Amino acid sequence: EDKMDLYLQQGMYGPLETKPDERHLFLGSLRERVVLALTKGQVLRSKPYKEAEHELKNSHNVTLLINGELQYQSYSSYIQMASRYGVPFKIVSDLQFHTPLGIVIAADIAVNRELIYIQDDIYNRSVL
């Protein structure tokens with residue numbers, strides 16, 4: 001729906017209407033647990049995002065969730081970053097819904113973070 005497109009275009013501020021909606025977008029996580037999310041287009045950028053490294057480095061009890069639609073070479077840099085800081089990863093393979101998100105860093109509890117995206121030209125061009 002167009003309301004979802006607007007939520008995405010504006011950077012995914014706040015909750016969605018239902019819990020399943022959130023899980024289907026955020027690779028199985030609830031919005032309240034999301035620390036950072038990157039679009040598939042951002043994950044495909046040659047240079048990995050230092051902003052994701054920051055969140056992995058400063059994390060406590062988070063997991064790196066990776067969209068299984070991506071090929072290994074696209075996300076392997078993020079796995080290196082995760083392991084560097086003792087963060088486990090999961091490749092999410094059971095997708096009912098095509099999600100535009102490539103990577104989600106999710107906490108094991110509610111963190112309620114307002115800002116969970118990296119605003120750049122790749123985000124704007126790839127999120128929809």
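Residues numbered from 1 in each chain as written, not as in the entry; some residues may be left out. Heavy atoms only, no water.

- Under the PDB entry, the name given to the protein is YueI protein, and the organism recorded is Bacillus subtilis.
- Readers searching the PDB will find this entry under the title "Crystal structure of the YueI protein from Bacillus subtilis".

**Some points on the side chain of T99**
So, step 1. Along the chain, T99 falls in the loop between β3 (89-92) and β4 (101-107).
So, step 2. Residue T99 is classed as buried on the basis of its relative accessible area of 1%.
So, step 3. A polar contact of 3.2 Å, which involves the side chain of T99, links it to the backbone nitrogen of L101.
So, step 4. With residues up to four places along the chain from it excluded, the contact list for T99 reads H24, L25, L27, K40 and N67. (Helix = DSSP H or I, 4+ residues; strand = E, 2+ residues; numbered from the N terminus. Buried < 20%, exposed > 50% of the residue type's maximum accessible area, 1.4 Å probe, protein only. Polar contact = N/O pair within 3.5 Å; in protein donor to acceptor, adjacent residues only side chain to side chain. Contact = heavy atoms within 4.5 Å.)

**Overview of the sheet that holds β4**
So, step 1. Judged by pairing direction, the sheet is mixed, and its 4 strands sit side by side in the order β1-β4-β2-β3 without closing on themselves. For this open sheet the edge positions go to β1 (34-39) and β3, each flanked by a neighbour on one side alone. Going from strand to strand, the sheet's axes swing by 15° on average, the running direction of each strand aside.
So, step 2. Here helix α5 (residues 72-84) sits on the sheet in contact with β1, β2 (62-67), β3 and β4, set at roughly 170° to β2. (Pairing = 2+ DSSP bridges. Axes fitted to C-alpha atoms, helices over the stretch in contact; angles between N-to-C directions.)

**Concerning the pairing of β3**
Two faces make up the sheet, and in a regular strand the side chains alternate between them.
So, step 1. Of the pairings in the sheet, the one linking β2 to β3 comprises 4 bridges and is parallel in character. What sits directly across from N67, in β3, is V92.
So, step 2. Regarding the hand of the β-α-β motif, the stretch spanning β2, α5 and β3 is right-handed. (Right-handed = clockwise from strand over helix to strand, strands pointing away.)

**What about the nonpolar core?**
So, step 1. Core analysis: the largest hydrophobic core is formed by 21 residues, its most contacted members being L38, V43, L64, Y78, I103 and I105.
So, step 2. Mapped onto this core, the elements with two or more residues apiece are β1, α4 (50-57), β2, α5 and β4.
So, step 3. Sort the elements by how many residues they give to this core and α5 lands first, with 5 residues.
So, step 4. When sequence neighbours within four positions are dropped, the list of residues in contact with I105 reads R33, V34, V35, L36, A52, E55, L56, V62, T63 and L64. (Core = buried A, V, L, I, M, F, W, Y, C linked by side-chain atoms within 4.5 Å.)

**Here's the deal with unusual backbone geometry**
Of all residues except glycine, most have a negative phi; of all peptide bonds, most are trans.
So, step 1. The residue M12 is not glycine, and still its phi comes out positive at about 70°.
So, step 2. Note that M12 resides in the loop between α1 (2-9) and α2 (19-25).

**Quick word on the environment of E1**
So, step 1. The residue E1 is located in the segment before α1 in this model.
So, step 2. Assessed through its relative accessible area of 69%, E1 is described here as exposed.

**Notes on the packing of aromatic side chains**
So, step 1. The final tally for this structure, using the stated rule, is 3 aromatic pairs.
So, step 2. Aromatic pair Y13 and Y117: ring centres 6.2 Å apart, planes at 80°, arrangement edge-to-face. Residue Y13 is found in the loop between α1 and α2, and its partner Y117 is found in the loop between β4 and α6 (121-126); the two are separated by 104 residues along the sequence.
So, step 3. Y13 gets classed as partly exposed once you look at its relative accessible area, which sits at 45%.
So, step 4. The class for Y117 is buried, based on a relative accessible area of 11%.
So, step 5. Here the aromatic rings of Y117 and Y123 are separated by 4.7 Å at their centres, their planes lie at 55°, and the arrangement is tilted. Side by side, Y117 and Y123 carry an identical accessibility label, which is buried.
So, step 6. Ring pairing ties together the aromatic residues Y13, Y117 and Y123, which thus form one cluster. (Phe/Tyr/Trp six-rings, centres within 6.5 Å; stacked < 30°, edge-to-face > 60°.)

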